[PDB]
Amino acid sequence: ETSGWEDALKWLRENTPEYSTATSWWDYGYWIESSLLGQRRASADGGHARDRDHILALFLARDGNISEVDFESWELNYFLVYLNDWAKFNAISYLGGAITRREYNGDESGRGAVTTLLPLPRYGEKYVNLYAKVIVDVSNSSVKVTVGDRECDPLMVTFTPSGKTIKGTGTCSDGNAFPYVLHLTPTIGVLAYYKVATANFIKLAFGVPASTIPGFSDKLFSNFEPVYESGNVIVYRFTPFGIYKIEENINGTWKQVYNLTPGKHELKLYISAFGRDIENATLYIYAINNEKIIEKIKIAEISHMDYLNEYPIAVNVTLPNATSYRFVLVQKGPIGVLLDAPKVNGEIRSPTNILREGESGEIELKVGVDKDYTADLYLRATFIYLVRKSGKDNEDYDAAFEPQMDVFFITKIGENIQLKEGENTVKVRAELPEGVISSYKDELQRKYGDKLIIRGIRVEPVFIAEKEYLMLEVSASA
């Protein structure tokens, strides 16, 4: 009765490191594996809690700059998008701050609600969502959309692979406004309210490069790589740093290549920085033979790169033989996966509020890692809160609540810790400055007044080491 969930999960356990981390909207991943099939491997296996629900939605429901959520700060490795989640997209869009309370579920007089997303499987020259009484007739190359009795005209219709784009009028024969966009693809079509027409979930789930920002869509598919799919579940491998385009100099002309051949090359690299800046990193190409690294070639050094304003990197490299090449970036990032409830002064605590403001104590942690790391250890705070961007107040149905995620390190309490592959134990003395939390919570209140709504304050322990990020792997060619 599974929608591919067991095939996908059961695939992850057999194809990813023992201490990987995955997420799914509303934790279907964890719930399927734990509650339905019985399982545990760490105090956590993915993201949880109502504050991540907000940030997960912010990513799924939005597009462009404001959707570049910092998944790396969660040491995220895999993302499982579930097609069926289209049915909940109204809530997802609401938590993600895309739509207002009214468009979410109507006002006091039951009017206004909208249908953010609606999938239209094919039928043959016709696309139709039986359950919603919607029919899309293209045959003749004009596109006729029937919604119930009415006849409605999109604000726009798109074809993919095609890329064609008819410009509708966004109105119904009812005379009413139909602010919807229709994306059509060989196997399915999707009708989407305008506020979520370019939604990343559409990009991941239904294969529609939907982006109101040039380049974004290419970059995003370099940060989220599909590695497996079953039914309505596609498992993507995240990476806050990837390469969406490799240009090679062929006769003083830059052309796009899709694999490299042994030998010297004059290249141009296009990196996508998803969620966080590139900070003092080193890039390498790893010649790979029989899935065996046979050489590590440093190719460049980026001191910094804006995550909302990348740029191409120039690089000349001589490459050995091997079957494939791996562009890797290495820089400071989070590592480790608590395997038990952290203890403080002997007692058990929450791995998300390890210490209270002002309180000090002896912290103990069982830490698992898939590689040998030398890391520092900090107490990092993470504020997740909403900021009402419309409406007279929080109850006004005009209200839409834009979710934010602020993360700052408070104090280093670890130092050159030699974490070795497998399980580890780390006892350390720590103290959380007096005021650090209330201080920030006051600065937020000062910036946003009543438009604010704290959803979750976290104070957790994080091991930061130099870690390798796989940006892209190409193949050796003739």
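Note that residue numbering follows the sequence shown and begins at 1.
S.K.: Once you work out the mean C-alpha B-factor for both 456 to 464 and 13 to 21 from the entry, which is higher?
M.R.: Here the higher of the two C-alpha B-factor means belongs to 13 to 21.
S.K.: Decide which of the stretches 357 to 365 and 380 to 388 has the higher mean C-alpha B-factor, going by the entry.
M.R.: Here the higher of the two C-alpha B-factor means belongs to 357 to 365.
S.K.: Out of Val157, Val337, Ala91, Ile250, whose C-alpha atom has the biggest B factor in the entry?
M.R.: Going by the entry's C-alpha B-factors, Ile250 comes out highest.
S.K.: Looking at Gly189, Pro351, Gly242, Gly175, which has the highest Cα B-factor in the entry?
M.R.: Result of the comparison over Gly189, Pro351, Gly242, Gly175: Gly175.
S.K.: State the tercile, meaning the lowest, middle or highest third, of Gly148 with respect to the CA B-factors recorded for its chain.
M.R.: Middle third of the chain for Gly148's C-alpha B-factor.
S.K.: Going by the CA temperature factor in the PDB record, which third of the chain does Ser109 belong to: lowest, middle or highest?
M.R.: Its C-alpha B-factor, which the entry lists for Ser109, ranks in the middle third among residues of this chain.
S.K.: Taking only the Cα B-factors deposited for this chain, tell me whether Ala430 sits in the lowest, middle or highest third.
M.R.: Middle third.
S.K.: Taking the chain's C-alpha temperature factors as the reference, tell me which third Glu395 falls into: lowest, middle or highest.
M.R.: Within its chain, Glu395 is a middle-third residue by C-alpha B-factor, going by the deposited values.
S.K.: Pull the Cα B-factor of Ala322 out of the PDB entry and bin it into the chain's lowest, middle or highest third.
M.R.: Tercile = highest for this residue's CA B-factor.
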